[PDB]
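*Asks:* Got a structure for you, my_file31.txt, holding compact mmCIF, C-alpha atoms and all ligand atoms.
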# COMPACT_ATOMS: atom_id res chain seq x y z
CA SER O 21 -2.16 10.54 -44.25
CA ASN O 22 0.76 8.11 -44.51
CA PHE O 23 2.31 9.44 -41.31
CA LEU O 24 -1.02 8.88 -39.56
CA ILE O 25 -1.07 5.26 -40.72
CA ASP O 26 2.53 4.66 -39.63
CA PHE O 27 1.74 6.28 -36.27
CA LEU O 28 -1.47 4.36 -35.55
CA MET O 29 -0.13 1.02 -36.80
CA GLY O 30 3.00 1.47 -34.71
CA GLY O 31 0.66 2.07 -31.81
CA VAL O 32 -1.16 -1.15 -32.63
CA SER O 33 2.14 -3.05 -32.66
CA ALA O 34 3.24 -1.62 -29.32
CA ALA O 35 -0.24 -2.34 -27.94
CA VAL O 36 0.06 -5.97 -29.06
CA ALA O 37 3.46 -6.42 -27.41
CA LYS O 38 2.37 -4.76 -24.15
CA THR O 39 -0.95 -6.62 -24.04
CA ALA O 40 0.80 -9.96 -24.50
CA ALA O 41 3.37 -9.01 -21.84
CA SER O 42 0.68 -7.74 -19.42
CA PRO O 43 -0.11 -10.93 -17.44
CA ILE O 44 3.48 -11.71 -16.39
CA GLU O 45 4.06 -7.97 -15.94
CA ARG O 46 1.41 -7.75 -13.21
CA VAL O 47 2.86 -10.74 -11.34
CA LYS O 48 6.22 -8.99 -11.26
CA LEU O 49 4.66 -5.76 -9.97
CA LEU O 50 2.70 -7.65 -7.31
CA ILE O 51 5.73 -9.55 -6.02
CA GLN O 52 7.83 -6.37 -6.18
CA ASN O 53 5.52 -4.11 -4.16
CA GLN O 54 3.91 -6.67 -1.85
CA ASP O 55 5.25 -5.13 1.36
CA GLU O 56 3.68 -1.80 0.45
CA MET O 57 0.41 -3.63 -0.22
CA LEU O 58 0.71 -5.30 3.19
CA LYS O 59 1.21 -1.86 4.73
CA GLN O 60 -1.91 -0.61 2.94
CA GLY O 61 -3.82 -3.78 3.80
CA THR O 62 -4.30 -4.59 0.11
CA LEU O 63 -2.58 -7.95 0.51
CA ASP O 64 -3.46 -10.62 3.07
CA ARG O 65 -0.23 -12.63 2.93
CA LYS O 66 3.24 -12.43 1.39
CA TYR O 67 3.62 -14.35 -1.87
CA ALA O 68 5.75 -17.50 -1.95
CA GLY O 69 6.95 -16.93 -5.51
CA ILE O 70 5.87 -16.48 -9.12
CA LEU O 71 3.67 -19.59 -9.21
CA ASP O 72 2.02 -18.72 -5.90
CA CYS O 73 1.23 -15.22 -7.18
CA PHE O 74 -0.23 -16.55 -10.44
CA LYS O 75 -2.39 -19.15 -8.69
CA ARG O 76 -3.67 -16.82 -5.96
CA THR O 77 -4.37 -13.88 -8.28
CA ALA O 78 -6.17 -16.15 -10.75
CA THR O 79 -8.33 -18.07 -8.27
CA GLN O 80 -9.20 -15.00 -6.20
CA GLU O 81 -9.58 -12.20 -8.76
CA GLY O 82 -10.02 -14.01 -12.07
CA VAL O 83 -8.17 -14.37 -15.37
CA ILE O 84 -9.00 -11.03 -17.01
CA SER O 85 -7.48 -9.34 -13.93
CA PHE O 86 -4.02 -10.10 -15.34
CA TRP O 87 -4.55 -7.34 -17.90
CA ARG O 88 -5.26 -4.74 -15.22
CA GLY O 89 -3.63 -1.37 -15.87
CA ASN O 90 -2.64 -2.35 -19.41
CA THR O 91 -4.71 0.51 -20.88
CA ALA O 92 -2.10 2.98 -19.61
CA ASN O 93 0.53 0.91 -21.43
CA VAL O 94 -1.54 1.03 -24.61
CA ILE O 95 -2.28 4.77 -24.59
CA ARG O 96 1.32 5.51 -23.55
CA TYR O 97 2.58 5.06 -27.13
CA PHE O 98 0.99 8.20 -28.56
CA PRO O 99 2.38 10.97 -26.35
CA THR O 100 5.78 9.26 -26.19
CA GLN O 101 6.14 8.85 -29.95
CA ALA O 102 4.86 12.38 -30.51
CA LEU O 103 7.71 13.53 -28.28
CA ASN O 104 9.99 10.93 -29.87
CA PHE O 105 9.35 12.23 -33.39
CA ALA O 106 9.67 15.84 -32.24
CA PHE O 107 12.87 15.97 -30.19
CA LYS O 108 14.87 12.71 -30.22
CA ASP O 109 16.51 13.59 -33.53
CA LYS O 110 17.39 17.11 -32.37
CA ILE O 111 18.68 15.89 -29.00
CA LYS O 112 20.95 13.32 -30.67
CA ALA O 113 22.42 16.21 -32.67
CA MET O 114 23.43 17.87 -29.39
CA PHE O 115 25.15 14.94 -27.67
CA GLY O 116 25.63 12.21 -30.26
CA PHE O 117 28.86 10.73 -31.60
CA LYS O 118 30.15 8.32 -34.20
CA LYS O 119 32.59 5.87 -32.57
CA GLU O 120 35.42 7.24 -34.73
CA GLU O 121 35.25 10.59 -32.91
CA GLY O 122 36.00 8.76 -29.66
CA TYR O 123 34.62 5.84 -27.68
CA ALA O 124 34.48 7.77 -24.40
CA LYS O 125 32.77 10.65 -26.22
CA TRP O 126 30.34 8.25 -27.90
CA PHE O 127 29.52 6.56 -24.59
CA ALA O 128 29.08 9.72 -22.51
CA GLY O 129 27.18 11.48 -25.28
CA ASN O 130 24.91 8.46 -25.60
CA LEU O 131 24.26 8.54 -21.85
CA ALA O 132 23.45 12.26 -21.81
CA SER O 133 21.32 11.96 -24.95
CA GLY O 134 19.22 8.99 -23.84
CA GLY O 135 18.89 10.41 -20.35
CA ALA O 136 17.73 13.82 -21.56
CA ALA O 137 15.28 12.39 -24.08
CA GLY O 138 13.96 9.94 -21.49
CA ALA O 139 13.52 12.68 -18.89
CA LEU O 140 11.74 14.90 -21.42
CA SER O 141 9.43 11.98 -22.21
CA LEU O 142 8.69 11.24 -18.54
CA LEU O 143 7.92 14.93 -17.98
CA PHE O 144 4.74 14.34 -19.98
CA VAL O 145 4.23 10.61 -19.57
CA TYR O 146 5.26 9.54 -16.02
CA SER O 147 1.68 9.85 -14.72
CA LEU O 148 0.58 6.96 -16.96
CA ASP O 149 3.32 4.74 -15.53
CA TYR O 150 2.15 5.75 -12.06
CA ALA O 151 -1.43 4.77 -12.93
CA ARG O 152 -0.30 1.44 -14.41
CA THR O 153 1.73 0.67 -11.29
CA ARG O 154 -1.05 1.57 -8.84
CA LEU O 155 -3.63 -0.44 -10.79
CA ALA O 156 -1.37 -3.49 -11.02
CA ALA O 157 -0.98 -3.68 -7.24
CA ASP O 158 -4.52 -4.31 -5.99
CA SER O 159 -6.71 -6.88 -4.21
CA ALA O 167 -13.14 -4.02 -3.14
CA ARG O 168 -10.19 -2.91 -5.27
CA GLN O 169 -8.34 0.15 -3.92
CA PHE O 170 -8.76 1.95 -7.25
CA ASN O 171 -11.53 1.62 -9.85
CA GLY O 172 -9.73 2.92 -12.95
CA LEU O 173 -7.28 5.37 -14.52
CA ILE O 174 -9.48 8.42 -13.95
CA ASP O 175 -10.20 7.25 -10.41
CA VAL O 176 -6.47 6.94 -9.73
CA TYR O 177 -5.84 10.45 -11.08
CA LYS O 178 -8.73 12.15 -9.26
CA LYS O 179 -8.06 10.44 -5.92
CA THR O 180 -4.29 10.91 -6.02
CA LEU O 181 -4.74 14.58 -6.93
CA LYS O 182 -7.29 14.95 -4.13
CA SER O 183 -4.85 13.50 -1.57
CA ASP O 184 -1.31 14.46 -2.59
CA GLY O 185 -1.87 16.81 -5.53
CA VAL O 186 0.44 16.72 -8.55
CA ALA O 187 3.49 15.40 -6.69
CA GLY O 188 1.57 12.19 -6.00
CA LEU O 189 1.46 11.47 -9.73
CA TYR O 190 5.18 12.18 -10.22
CA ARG O 191 6.57 10.30 -7.21
CA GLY O 192 9.83 8.45 -7.86
CA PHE O 193 10.85 10.57 -10.85
CA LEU O 194 14.55 10.95 -10.03
CA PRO O 195 15.34 7.28 -9.36
CA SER O 196 13.52 6.56 -12.63
CA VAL O 197 15.73 9.01 -14.52
CA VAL O 198 18.90 7.67 -12.90
CA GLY O 199 17.54 4.22 -13.71
CA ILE O 200 17.16 5.19 -17.36
CA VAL O 201 20.76 6.41 -17.52
CA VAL O 202 22.24 3.35 -15.78
CA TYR O 203 20.12 0.95 -17.85
CA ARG O 204 21.09 2.61 -21.13
CA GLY O 205 24.77 2.57 -20.15
CA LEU O 206 24.72 -1.13 -19.30
CA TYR O 207 22.67 -1.91 -22.40
CA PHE O 208 24.99 -0.22 -24.90
CA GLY O 209 28.10 -1.35 -23.03
CA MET O 210 27.09 -5.02 -23.12
CA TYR O 211 25.80 -4.63 -26.68
CA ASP O 212 29.24 -3.40 -27.76
CA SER O 213 31.12 -5.95 -25.66
CA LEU O 214 29.58 -8.94 -27.45
CA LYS O 215 29.26 -7.82 -31.09
CA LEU O 228 19.26 -17.56 -33.01
CA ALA O 229 22.29 -15.36 -32.36
CA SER O 230 20.29 -12.13 -32.40
CA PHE O 231 17.68 -13.45 -29.96
CA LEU O 232 20.38 -14.76 -27.62
CA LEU O 233 22.32 -11.49 -27.71
CA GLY O 234 19.24 -9.35 -27.17
CA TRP O 235 18.05 -11.52 -24.30
CA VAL O 236 21.40 -11.63 -22.49
CA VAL O 237 22.04 -7.90 -22.93
CA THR O 238 18.52 -6.85 -21.89
CA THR O 239 18.59 -9.28 -18.95
CA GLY O 240 21.94 -8.09 -17.62
CA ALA O 241 21.19 -4.40 -18.08
CA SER O 242 17.74 -4.69 -16.50
CA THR O 243 18.98 -6.89 -13.64
CA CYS O 244 21.82 -4.57 -12.64
CA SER O 245 19.49 -1.55 -12.83
CA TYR O 246 16.58 -3.23 -10.99
CA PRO O 247 16.92 -1.83 -7.41
CA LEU O 248 16.38 1.71 -8.73
CA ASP O 249 13.17 0.54 -10.39
CA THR O 250 12.05 -1.11 -7.14
CA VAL O 251 12.72 2.09 -5.19
CA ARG O 252 10.82 4.11 -7.82
CA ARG O 253 7.77 1.85 -7.77
CA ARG O 254 7.58 1.50 -3.99
CA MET O 255 7.84 5.29 -3.82
CA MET O 256 4.90 5.38 -6.25
CA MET O 257 3.00 3.12 -3.86
CA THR O 258 3.38 5.53 -0.93
CA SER O 259 1.12 8.03 -2.69
CA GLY O 260 -2.12 8.46 -0.76
CA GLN O 261 -0.54 7.27 2.48
CA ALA O 262 0.30 9.11 5.70
CA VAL O 263 3.83 7.70 5.78
CA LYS O 264 6.11 8.48 2.82
CA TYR O 265 9.81 8.06 2.06
CA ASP O 266 12.03 11.14 2.36
CA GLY O 267 13.55 10.76 -1.10
CA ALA O 268 15.07 7.86 -3.04
CA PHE O 269 18.08 7.36 -0.76
CA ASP O 270 15.82 7.35 2.29
CA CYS O 271 13.55 4.79 0.63
CA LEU O 272 16.55 2.60 -0.23
CA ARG O 273 17.99 2.83 3.29
CA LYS O 274 14.66 1.98 4.93
CA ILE O 275 14.00 -0.96 2.59
CA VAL O 276 17.46 -2.45 3.13
CA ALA O 277 17.33 -1.91 6.90
CA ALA O 278 13.85 -3.45 7.24
CA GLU O 279 13.70 -6.29 4.71
CA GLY O 280 17.31 -6.73 3.58
CA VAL O 281 19.10 -6.11 0.28
CA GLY O 282 17.36 -8.99 -1.50
CA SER O 283 14.08 -7.11 -1.11
CA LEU O 284 15.33 -4.68 -3.76
CA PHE O 285 15.46 -7.57 -6.23
CA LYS O 286 11.93 -8.82 -5.54
CA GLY O 287 10.23 -9.66 -8.84
CA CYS O 288 13.40 -9.67 -10.93
CA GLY O 289 12.95 -13.18 -12.33
CA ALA O 290 9.34 -12.48 -13.26
CA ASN O 291 10.63 -9.38 -15.04
CA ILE O 292 13.14 -11.47 -16.99
CA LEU O 293 10.28 -13.80 -17.94
CA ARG O 294 8.43 -10.70 -19.12
CA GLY O 295 11.60 -10.06 -21.12
CA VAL O 296 11.70 -13.33 -23.06
CA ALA O 297 7.92 -13.20 -23.44
CA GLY O 298 8.04 -9.69 -24.89
CA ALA O 299 10.91 -10.47 -27.27
CA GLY O 300 9.20 -13.63 -28.54
CA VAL O 301 5.85 -11.92 -29.02
CA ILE O 302 7.30 -8.83 -30.72
CA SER O 303 9.33 -10.98 -33.15
CA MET O 304 6.33 -13.20 -33.91
CA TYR O 305 4.05 -10.21 -34.45
CA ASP O 306 6.68 -8.59 -36.66
CA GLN O 307 6.61 -11.73 -38.79
CA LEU O 308 2.80 -11.66 -38.83
CA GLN O 309 3.05 -8.02 -39.89
CA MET O 310 5.25 -8.93 -42.84
CA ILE O 311 2.70 -11.63 -43.70
CA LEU O 312 -0.58 -9.70 -43.33
CA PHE O 313 0.74 -6.29 -44.41
CA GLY O 314 3.32 -5.24 -46.99
CA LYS O 315 5.64 -3.49 -44.55
CA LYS O 316 5.96 -3.79 -40.77
CA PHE O 317 5.15 -0.77 -38.60
CA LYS O 318 7.59 -0.56 -35.70
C1 LIG Y 1 14.59 2.48 -13.02
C2 LIG Y 1 14.02 1.83 -14.02
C3 LIG Y 1 14.55 0.56 -14.58
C4 LIG Y 1 15.59 0.87 -15.63
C5 LIG Y 1 15.11 1.94 -16.62
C6 LIG Y 1 13.62 1.92 -17.00
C7 LIG Y 1 13.38 1.39 -18.42
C8 LIG Y 1 14.05 0.03 -18.64
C9 LIG Y 1 14.04 2.40 -19.35
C10 LIG Y 1 13.74 2.11 -20.81
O1 LIG Y 1 14.38 3.13 -21.58
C11 LIG Y 1 14.41 2.81 -22.97
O2 LIG Y 1 15.73 2.37 -23.30
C12 LIG Y 1 15.86 2.03 -24.68
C13 LIG Y 1 17.25 1.46 -24.93
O3 LIG Y 1 18.24 2.42 -24.53
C14 LIG Y 1 15.63 3.28 -25.52
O4 LIG Y 1 15.71 2.94 -26.91
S1 LIG Y 1 16.70 3.69 -27.81
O5 LIG Y 1 16.79 5.10 -27.38
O6 LIG Y 1 16.23 3.62 -29.20
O7 LIG Y 1 18.04 3.05 -27.70
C15 LIG Y 1 14.25 3.87 -25.24
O8 LIG Y 1 14.15 5.13 -25.91
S2 LIG Y 1 13.02 5.39 -26.90
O9 LIG Y 1 13.18 6.75 -27.49
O10 LIG Y 1 13.06 4.38 -27.99
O11 LIG Y 1 11.71 5.31 -26.20
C16 LIG Y 1 14.05 4.07 -23.75
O12 LIG Y 1 12.68 4.38 -23.48
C17 LIG Y 1 12.51 5.77 -23.07
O13 LIG Y 1 13.48 6.40 -22.69
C18 LIG Y 1 11.14 6.40 -23.10
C19 LIG Y 1 10.71 6.75 -21.68
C20 LIG Y 1 9.26 7.21 -21.64
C21 LIG Y 1 10.95 5.59 -20.73
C22 LIG Y 1 12.24 2.16 -21.05
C23 LIG Y 1 11.47 1.17 -20.18
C24 LIG Y 1 11.66 -0.21 -20.77
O14 LIG Y 1 11.47 -1.24 -20.09
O15 LIG Y 1 11.98 -0.28 -21.98
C25 LIG Y 1 10.01 1.49 -20.29
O16 LIG Y 1 9.61 2.62 -19.92
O17 LIG Y 1 9.24 0.62 -20.76
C26 LIG Y 1 11.87 1.38 -18.70
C27 LIG Y 1 11.16 0.48 -17.69
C28 LIG Y 1 11.27 1.12 -16.32
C29 LIG Y 1 12.72 1.33 -15.89
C30 LIG Y 1 13.34 0.05 -15.33
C31 LIG Y 1 12.79 2.30 -14.72
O18 LIG Y 1 11.66 2.13 -13.86
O1 LIG Y 2 11.64 -15.04 2.37
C1 LIG Y 2 12.02 -14.59 3.67
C2 LIG Y 2 12.58 -13.18 3.58
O2 LIG Y 2 13.08 -12.96 2.26
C3 LIG Y 2 13.75 -11.70 2.12
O3 LIG Y 2 14.80 -11.61 3.08
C4 LIG Y 2 16.06 -12.03 2.55
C5 LIG Y 2 16.92 -10.82 2.23
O4 LIG Y 2 16.28 -9.99 1.25
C6 LIG Y 2 18.28 -11.29 1.71
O5 LIG Y 2 19.13 -10.15 1.49
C7 LIG Y 2 18.92 -12.24 2.71
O6 LIG Y 2 20.13 -12.76 2.16
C8 LIG Y 2 20.68 -13.79 2.98
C9 LIG Y 2 21.17 -14.93 2.10
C10 LIG Y 2 22.53 -14.61 1.48
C11 LIG Y 2 22.66 -15.25 0.10
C12 LIG Y 2 24.07 -15.76 -0.16
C13 LIG Y 2 24.31 -15.99 -1.64
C14 LIG Y 2 25.60 -16.78 -1.84
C15 LIG Y 2 25.85 -17.04 -3.32
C16 LIG Y 2 24.68 -17.78 -3.95
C17 LIG Y 2 23.38 -17.03 -3.73
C18 LIG Y 2 23.15 -16.78 -2.24
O7 LIG Y 2 18.04 -13.32 2.98
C19 LIG Y 2 16.80 -12.90 3.55
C20 LIG Y 2 15.98 -14.13 3.94
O8 LIG Y 2 16.49 -14.67 5.17
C21 LIG Y 2 12.74 -10.59 2.35
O9 LIG Y 2 13.39 -9.32 2.23
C22 LIG Y 2 12.11 -10.72 3.73
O10 LIG Y 2 11.08 -9.74 3.90
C23 LIG Y 2 11.53 -12.12 3.92
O11 LIG Y 2 11.11 -12.29 5.28
In structure tokens, what does this structure look like?
*Replies:*
Amino acid sequence: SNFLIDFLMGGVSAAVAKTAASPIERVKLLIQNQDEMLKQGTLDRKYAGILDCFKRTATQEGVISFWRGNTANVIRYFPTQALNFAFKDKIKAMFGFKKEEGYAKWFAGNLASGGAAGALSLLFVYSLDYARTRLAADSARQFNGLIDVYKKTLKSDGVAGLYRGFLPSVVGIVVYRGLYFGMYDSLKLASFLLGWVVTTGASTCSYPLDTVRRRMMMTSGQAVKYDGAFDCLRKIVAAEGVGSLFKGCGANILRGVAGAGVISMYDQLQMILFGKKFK
């Protein structure tokens, strides 16, 4: 039952990190998809910034509201790690490389590997991300829970509603991984600084894809939908300008530092309270 303990405790760790990150995560998602909310009459007025969003959301909805949708984040660990344990090792065997065999080969193989594993994961898991996203962007709240989101979205758009924005998310995974490993190699506390700068750059450069993905998610249950990722992109840029793609980026970076800090702290607390850390 050792594997069970490692599994569940790892899930507790991930749950801690995601729960801590949750409040600033929602602010990012609100600022990012506020035009969609305006379209769906879920928002009364465009936000002025991060502080505005925090203040308004708090005073109007409450404090607990900041952890809305986080349950999806918590229960996401188990199917992902089940898939992670099952196939990630075997997939790496198919595409992986030691740097000595070739840097180009290592890079490309790493891209293909991470992309394929990520896609395989999303094939089972993407719906949870959809639910999280739809629950984050609210306020009579449009949705009343995970199950409500699923049932209603299935009732309106069927299965495709749950998997909307899949391709820009995959492309996003590939791009993000490429930037991450590239920057990681280029420049290699010191560890905290490196991790923060790398993560920040990689996530920032790959952000518009994420925005497209999430706003495509938002169109589920609506009469008007984007005709693919490129169509979405084109319409967003035409209507609101290029900067609109980067809406909520800074809040996401704040989620970054927050998450890194919390996960390091909790790792320390794990070494204190338990013999070994479960990550
Ligand atoms: C278009 C985008 C933007 C760029 C790509 C992704 C991630 C950043 C992509 C990121 O993708 C992660 O990248 C990591 C660094 O390479 C990689 O770690 S590593 O392989 O050990 O090196 C993770 O692989 S895993 O096996 O450990 O789990 C991988 O997560 C996945 O592939 C699982 C999928 C279910 C996502 C995961 C994730 C994260 O913020 O971390 C997450 O799902 O939480 C995404 C957020 C959403 C976007 C943002 C997606 O909307
Ligand atoms: O806040 C007002 C508007 O913000 C966004 O529009 C941005 C666009 O997204 C954005 O692409 C556009 O850019 C124009 C400014 C160009 C910046 C020049 C850079 C030079 C280098 C240093 C940084 C700035 O500015 C618009 C504002 O006039 C939103 O997309 C709009 O919906 C919103 O009405």
*Asks:* Collect all residues with atoms no farther than 10 Å from ligand LIG 2 (chain Y), counting all atoms listed in the file, and output them as a list in words.
*Replies:*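 Listing the residues within 10 Å of ligand LIG 2 (chain Y) gives residues 54, 55, 66, 67, 68, 69, 275, 276, 277, 278, 279, 280, 281, 282, 283, 284, 285 and 286 of chain O.
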*Asks:* Those residues with C-alpha atoms, as a tab-separated table (two decimals), keeping the file's coordinate frame please?
*Replies:*
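New file result_30.tsv:
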chain	number	residue	atom	x	y	z
O	54	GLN	CA	3.91	-6.67	-1.85
O	55	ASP	CA	5.25	-5.13	1.36
O	66	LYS	CA	3.24	-12.43	1.39
O	67	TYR	CA	3.62	-14.35	-1.87
O	68	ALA	CA	5.75	-17.50	-1.95
O	69	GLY	CA	6.95	-16.93	-5.51
O	275	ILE	CA	14.00	-0.96	2.59
O	276	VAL	CA	17.46	-2.45	3.13
O	277	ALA	CA	17.33	-1.91	6.90
O	278	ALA	CA	13.85	-3.45	7.24
O	279	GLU	CA	13.70	-6.29	4.71
O	280	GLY	CA	17.31	-6.73	3.58
O	281	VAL	CA	19.10	-6.11	0.28
O	282	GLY	CA	17.36	-8.99	-1.50
O	283	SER	CA	14.08	-7.11	-1.11
O	284	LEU	CA	15.33	-4.68	-3.76
O	285	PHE	CA	15.46	-7.57	-6.23
O	286	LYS	CA	11.93	-8.82	-5.54
*Asks:* Please indicate the distance in Å from atom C11 of ligand LIG 1 (chain Y) to atom CA of residue O:134, rounded to one decimal place.
*Replies:*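 For atom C11 of ligand LIG 1 (chain Y) relative to atom CA of residue O:134, the distance reads 7.9 Å.
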*Asks:* Counting only C-alpha atoms, figure out which residue out of O:129, O:41, O:298, O:303 gets nearest to residue O:87.
*Replies:*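 Ranked by minimum distance to residue O:87, first place goes to O:41.
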*Asks:* Within 12 Å of residue O:289, counting all atoms listed in the file, which residues show up once you throw out same-chain ones fewer than 5 positions away? Write them as number ranges by chain, please.
*Replies:* O: 44-45, 47-49, 51-52, 69-71, 239-240, 242-243, 246, 294-296
*Asks:* Let's have the selection written as an mmCIF file, in the frame of the given file, with C-alpha atoms.
*Replies:*
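Heads up, here's the output in out.cif:
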data_model
loop_
_atom_site.group_PDB
_atom_site.id
_atom_site.type_symbol
_atom_site.label_atom_id
_atom_site.label_comp_id
_atom_site.auth_asym_id
_atom_site.auth_seq_id
_atom_site.Cartn_x
_atom_site.Cartn_y
_atom_site.Cartn_z
ATOM 1 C CA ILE O 44 3.480 -11.710 -16.390
ATOM 2 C CA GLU O 45 4.060 -7.970 -15.940
ATOM 3 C CA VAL O 47 2.860 -10.740 -11.340
ATOM 4 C CA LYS O 48 6.220 -8.990 -11.260
ATOM 5 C CA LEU O 49 4.660 -5.760 -9.970
ATOM 6 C CA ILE O 51 5.730 -9.550 -6.020
ATOM 7 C CA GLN O 52 7.830 -6.370 -6.180
ATOM 8 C CA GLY O 69 6.950 -16.930 -5.510
ATOM 9 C CA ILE O 70 5.870 -16.480 -9.120
ATOM 10 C CA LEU O 71 3.670 -19.590 -9.210
ATOM 11 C CA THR O 239 18.590 -9.280 -18.950
ATOM 12 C CA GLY O 240 21.940 -8.090 -17.620
ATOM 13 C CA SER O 242 17.740 -4.690 -16.500
ATOM 14 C CA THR O 243 18.980 -6.890 -13.640
ATOM 15 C CA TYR O 246 16.580 -3.230 -10.990
ATOM 16 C CA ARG O 294 8.430 -10.700 -19.120
ATOM 17 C CA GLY O 295 11.600 -10.060 -21.120
ATOM 18 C CA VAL O 296 11.700 -13.330 -23.060
#
*Asks:* Ligand LIG 1 (chain Y): which residues are within 8 Å, counting all atoms listed in the file, as a VMD selection string?
*Replies:* chain O and resid 100 to 101 104 108 134 to 135 137 to 139 141 to 142 145 to 146 149 195 to 205 207 to 208 242 245 to 250 252 to 253
*Asks:* Do you have the atom CA of residue O:173-atom CA of residue O:152 distance handy?
*Replies:*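 About the pair atom CA of residue O:173 and atom CA of residue O:152: they are 8.0 Å apart.
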*Asks:* Just give me the gap between atom CA of residue O:88 and atom CA of residue O:299 in Å, one decimal is fine.
*Replies:*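 One can read the atom CA of residue O:88 to atom CA of residue O:299 distance as 21.0 Å.
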*Asks:* Given the choices O:180, O:261, O:171, O:93, which gets closest to residue O:31 if the distance is worked out from all atoms listed in the file?
*Replies:*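 Of the candidates, the smallest distance to residue O:31 is held by O:93.
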*Asks:* Have a look at O:34, O:263, O:192, O:109 and name the one nearest to residue O:251; count only C-alpha atoms.
*Replies:*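 Checking each candidate against residue O:251, we get O:192 as the closest.
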*Asks:* Neighbourhood query: residues within 10 Å of (-2.1, 3.6, -15.7), file coordinates, counting only C-alpha atoms; return as a short mmCIF file (atom, residue, chain, number, x, y, z; two decimals) with C-alpha atoms, in the coordinates of the input.
*Replies:*
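out08.cif, written as the output of this step:
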data_model
loop_
_atom_site.label_atom_id
_atom_site.label_comp_id
_atom_site.auth_asym_id
_atom_site.auth_seq_id
_atom_site.Cartn_x
_atom_site.Cartn_y
_atom_site.Cartn_z
CA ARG O 88 -5.26 -4.74 -15.22
CA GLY O 89 -3.63 -1.37 -15.87
CA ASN O 90 -2.64 -2.35 -19.41
CA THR O 91 -4.71 0.51 -20.88
CA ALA O 92 -2.10 2.98 -19.61
CA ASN O 93 0.53 0.91 -21.43
CA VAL O 94 -1.54 1.03 -24.61
CA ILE O 95 -2.28 4.77 -24.59
CA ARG O 96 1.32 5.51 -23.55
CA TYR O 146 5.26 9.54 -16.02
CA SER O 147 1.68 9.85 -14.72
CA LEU O 148 0.58 6.96 -16.96
CA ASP O 149 3.32 4.74 -15.53
CA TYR O 150 2.15 5.75 -12.06
CA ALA O 151 -1.43 4.77 -12.93
CA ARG O 152 -0.30 1.44 -14.41
CA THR O 153 1.73 0.67 -11.29
CA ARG O 154 -1.05 1.57 -8.84
CA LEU O 155 -3.63 -0.44 -10.79
CA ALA O 156 -1.37 -3.49 -11.02
CA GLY O 172 -9.73 2.92 -12.95
CA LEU O 173 -7.28 5.37 -14.52
CA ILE O 174 -9.48 8.42 -13.95
CA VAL O 176 -6.47 6.94 -9.73
CA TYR O 177 -5.84 10.45 -11.08
#
*Asks:* Quick one: everything within 10 Å of residue O:62, counting all atoms listed in the file, minus sequence neighbours fewer than 2 positions away in the same chain. Send it as a ChimeraX atom specification.
*Replies:* /O:54-60,64-65,157-159,167-169
*Asks:* Tell me, as a PyMOL selection string, which residues lie within 7 Å of residue O:116, counting all atoms listed in the file; anything in the same chain fewer than 6 positions away does not count.
*Replies:* chain O and resi 126+129-130+133
*Asks:* Which one is closest to residue O:300: O:107, O:313, O:235, O:86? Count all atoms listed in the file.
*Replies:*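 Counting all atoms listed in the file, the residue closest to residue O:300 is O:235.
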*Asks:* Take every atom of stretch 66-83 of chain O listed in the file, fit an axis-aligned box around them, add 4 Å per side, and give the centre and edge lengths in Å to one decimal as AutoDock Vina command-line options.
*Replies:*
--center_x -1.5 --center_y -15.9 --center_z -7.0 --size_x 25.0 --size_y 15.4 --size_z 24.8
*Asks:* Find the residue from O:29, O:194, O:297, O:290 that sits nearest to residue O:46; use all atoms listed in the file when measuring.
*Replies:* O:290
*Asks:* Place N, CA, C and O atoms on stretch 239-245 of chain O and deliver the coordinates as a short mmCIF file (atom, residue, chain, number, x, y, z; two decimals), in the frame of the given file.
*Replies:*
data_model
loop_
_atom_site.label_atom_id
_atom_site.label_comp_id
_atom_site.auth_asym_id
_atom_site.auth_seq_id
_atom_site.Cartn_x
_atom_site.Cartn_y
_atom_site.Cartn_z
N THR O 239 18.70 -8.65 -20.27
CA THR O 239 18.59 -9.28 -18.95
C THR O 239 19.63 -8.73 -17.99
O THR O 239 19.32 -8.41 -16.85
N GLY O 240 20.87 -8.61 -18.46
CA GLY O 240 21.94 -8.09 -17.62
C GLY O 240 21.71 -6.64 -17.25
O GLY O 240 21.78 -6.26 -16.08
N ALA O 241 21.43 -5.83 -18.27
CA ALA O 241 21.19 -4.40 -18.08
C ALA O 241 20.03 -4.14 -17.12
O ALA O 241 20.13 -3.31 -16.22
N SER O 242 18.92 -4.85 -17.34
CA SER O 242 17.74 -4.69 -16.50
C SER O 242 17.98 -5.19 -15.07
O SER O 242 17.51 -4.58 -14.11
N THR O 243 18.69 -6.31 -14.95
CA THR O 243 18.98 -6.89 -13.64
C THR O 243 19.84 -5.96 -12.79
O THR O 243 19.51 -5.69 -11.63
N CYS O 244 20.93 -5.47 -13.36
CA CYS O 244 21.82 -4.57 -12.64
C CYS O 244 21.13 -3.26 -12.25
O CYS O 244 21.46 -2.67 -11.22
N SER O 245 20.19 -2.81 -13.07
CA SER O 245 19.49 -1.55 -12.83
C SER O 245 18.15 -1.71 -12.11
O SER O 245 17.37 -0.76 -12.03
#
